[PDB]
Each structure stands twice: as structure tokens, then as C-alpha cells.
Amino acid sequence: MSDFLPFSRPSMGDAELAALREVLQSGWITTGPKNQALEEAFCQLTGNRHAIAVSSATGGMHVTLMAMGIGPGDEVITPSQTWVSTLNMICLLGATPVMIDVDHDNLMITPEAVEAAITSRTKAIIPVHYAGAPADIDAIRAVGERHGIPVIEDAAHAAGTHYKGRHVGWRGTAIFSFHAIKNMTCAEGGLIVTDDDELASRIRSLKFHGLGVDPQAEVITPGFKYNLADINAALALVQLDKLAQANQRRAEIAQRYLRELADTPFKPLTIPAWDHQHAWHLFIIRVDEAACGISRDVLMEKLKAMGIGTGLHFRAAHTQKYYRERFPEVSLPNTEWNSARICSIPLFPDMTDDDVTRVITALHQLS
């Protein structure tokens, strides 16, 4: 399978291996100075005040919602059109996810859909910056502010995303991911930025056993273990140093897909009208059987037979067994239409121009 083109691969090379050598030689391999440097780097990148490195964005979401006091009786507004981690963490704190629909062409929640779903129980709103584009975060924030409801941003796809001239997470609270397919990776990892001093203090304690000072450190309240090792933080620092060039190459690839699929029936997501810089984490197409003459599932299967990988980001959460059975009344037409028709085609900066031509040619052949 040496000729298989996956939909993503990391850009790991000599720089990463040299950073690893440095940490190994130091003998300080779990959380330490590389974590501190990564956190400082994300404060400089975003402009926000506090950065907390964690073992995954999922764990980051877990401890952020926990630190806010989210629990039984509370509602959290979220798309269904996202990764299931967020819905799972809401449920596992005992709270209730309130799933709302998304815009049919950029797959992100709207301020109107948020406002319609607010109740006296709502304790957080979690927009997703999808595929590398930002949600209309000022408008969503304005809805939250009017009701006194915090907005927690799922920025997994948004390392390098700008919104109205600032990096995502420049204010408010946002959670980044360093999973293997993310634009910067340390295999598994994540990072929370926030402007809220008390929230940051609670998060730092709750990702490391609830330890704090009452004197020596001791458990103040039970917490979890979601700290990031320095081996991983060192990889993340290298990948952050590479991120601008990685995203530039991703944008060049995505622009070519936009142009050369314009005269095919496959339908990319639409670029938001608000000012932004897209990180191009994923290149998603909608495959409508009536327009394309091929279904999404069959397209993925035939691409695979041609040696071309694809991903499904995402099967809507409310269509999956647990949520389907717990929340059977949830009906989200834009989500359901897209979830059945989307796939992610290869997009990663180590792709060659000929890799891109191979994908485009296969899509023209399969139309």
C-alpha cells in the first residue's frame, strides 16, 4: 500500500526528532518547561491571557465544562454536526446536550439557532469552527452576553484560523486539538485559552488531580488527569513553528480544489461572508446522488479502490445509537442532509501537486 494516498498524514521529520532528543536527554519527560513554553506560545499566538495545555481537546472540554460548574439540570447548546466528544462530555457531567441545526452550506451554528434554543437551564453555548473556517463568533457571543451564558469555542479545526483580523480565541474561551490529523500535532494533545482568571485557575487544578494550595499542595476537590507530557509539548512547539507554512500549503491545495471542482457536481462548503482567514483543516465535499450520479458511500469506496483515502467529518451525533434513542424527537434537517452526503478528500501539506491532480482526476472520472 505504498501508493495509497490517505486523506491526512502528519509532517514529522528531523526537527521533531531533534526536539524529542532534547527532552529525552534532559531527563524531564512529563509536564515541565516545554509545557510552559507551549502555553506562552499560544498566549502570544492568540493574544489571550491564559493557556492550559492538556492531554486531548476532549479532556480539555471535560475540565472546562466541569470548572464552569456544569452538571445535572443544566443544558448545553451544541451542534449535532460535530465530533461526539463534546456531547459525551456534556452527558458524562450529568448535563443535557441541546442539539441545534447548522447552516446548510458551512456546517456551523447560527446566532438565531442559538437564541431559539436558550432556556432558563442553558449554562453554555459551544460553537464549532468547522473545517478551518470560523463561526460568526461575535454574533454568537452577543447572544450569550445578552442572556448571561458563556460561550466555549471548539477550535479543534482552527489552529491558524483568523476572524476579523485576530486569531480564534483572542478573547473568550477556546479549545484547540493537537490530534494526529490536526494542522499541528503532537499525536494526542490539546490546549485551552481563556481570558477568565478564575476559570483558568480551576482548569489547571482539575486537569491535574484537583491539586491546589489551601501550605503544600493537596486535593482541594477531586480532579482528573489530563496533563500533557513534555515529550508531546516539544512536538507541538515544532509543529506550531511549522504551522504558518503548513497552512499556506493547505490553502494552496484547497484553492486548487475549489477551482478545479467548480465544474463538477461535487459541492464544497461555502466560504463565510464575515472577514476571516481559513486554516483549511479539511476539504469537505457534498455528494448528492441526483447531481453527481454517485452516492457519498460509493464515492468513498471507489476512491479507496483507486488508492485514495477519504474521511467522514462527521456522522451527526444525533443519528448515533445512544443519542438517537435518548433524543428521538431531535430533527435537524440541514445536519441530516449534509451528514449523509459529506466526505473529506485528501488535504495535508506533505501532499505533492501530483497527489492533488490524482484526487481531482479521480473525482472527474467518478462524476
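All residue numbers refer to positions in the sequence shown, first residue = 1.
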{"property": "Between neighbours residue 215 and residue 214, residues that the deposited sequence lists but the model omits", "result": "10 or more"}
{"property": "Per the entry, higher mean C-alpha B factor between 39-47 and 54-62", "result": "39-47"}
{"property": "Average Cα temperature factor in the PDB entry - higher stretch of 129-137, 293-301", "result": "293-301"}
{"property": "Criterion, highest CA B-factor; candidates, 225, 242, 286, 278", "result": "242"}
{"property": "Residue with highest C-alpha B-factor in the PDB entry, from 220, 174, 89, 98", "result": "220"}
{"property": "Ranked against its chain, the third holding the CA B-factor of residue 319", "result": "middle"}
{"property": "Ranked C-alpha temperature factor of residue 252 among modelled chain residues, by third", "result": "middle"}
{"property": "Residue 112 CA temperature factor, ranked by third within the chain", "result": "highest"}
{"property": "Residue 346 - which third its CA temperature factor falls in, relative to the rest of the chain", "result": "lowest"}
{"property": "Entry-reported Cα temperature factor of residue 210, expressed as the chain third it lands in", "result": "middle"}
